[PDB]
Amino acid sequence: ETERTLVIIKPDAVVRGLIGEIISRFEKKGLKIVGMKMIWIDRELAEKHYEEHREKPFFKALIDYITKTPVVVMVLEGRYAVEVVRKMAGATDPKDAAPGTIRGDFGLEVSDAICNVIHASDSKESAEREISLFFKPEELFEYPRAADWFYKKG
């Protein structure tokens, strides 16, 4: 049931100084950070990441948004991590996101793009693809978090 998912702490979150608060929510949930780095995405990489939206009217604005400033890309590992992180993220448009979710508590204002604090892979398949776009195997680690032993079935 253990899966890996890719999360991008977007430019709006970085500029607003919310990196730590976002990371803490994942750590507190029990999710493990197995990879992470601050990078500045270029248009080519951005369009590959968001290839599914190439023919949508907001594509250009979305690429401008994700490449506006550096972002923090990270890989989270844990039981059903993909669906869990999507649940934690909340609705795409922050105004519709429920209080308690990341977008619900931190997002609201938008530009030409629907600024929404973070990106979260939408499926195990997508996560695999996205993780490969931003990380090399040598940047992903296997190590124990403090409470790992507690759940070991002997």
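Just count from 1 along the sequence shown to find any residue number. By rigid core we mean the largest C-alpha set that fits within 1.5 Å across both forms.
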Going by root mean square C-alpha distance after a core fit, say whether 51 to 59 or 28 to 36 is farther from the shown form in 5 other deposited structures of this protein. 51 to 59
Comparing 91 to 99 with 23 to 31, the one whose average Cα B-factor in the PDB entry is higher: 91 to 99
Would you determine, from the values in the PDB entry, which of 116 to 124 and 101 to 109 has the greater average C-alpha temperature factor? 116 to 124
Lowest, middle or highest third: where is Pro137 by Cα B-factor in its chain? highest
Assigned third (lowest, middle, highest) for the C-alpha B factor of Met38: lowest
Divide the modelled residues of the chain into thirds by Cα B-factor and specify which third, lowest, middle or highest, holds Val85. lowest
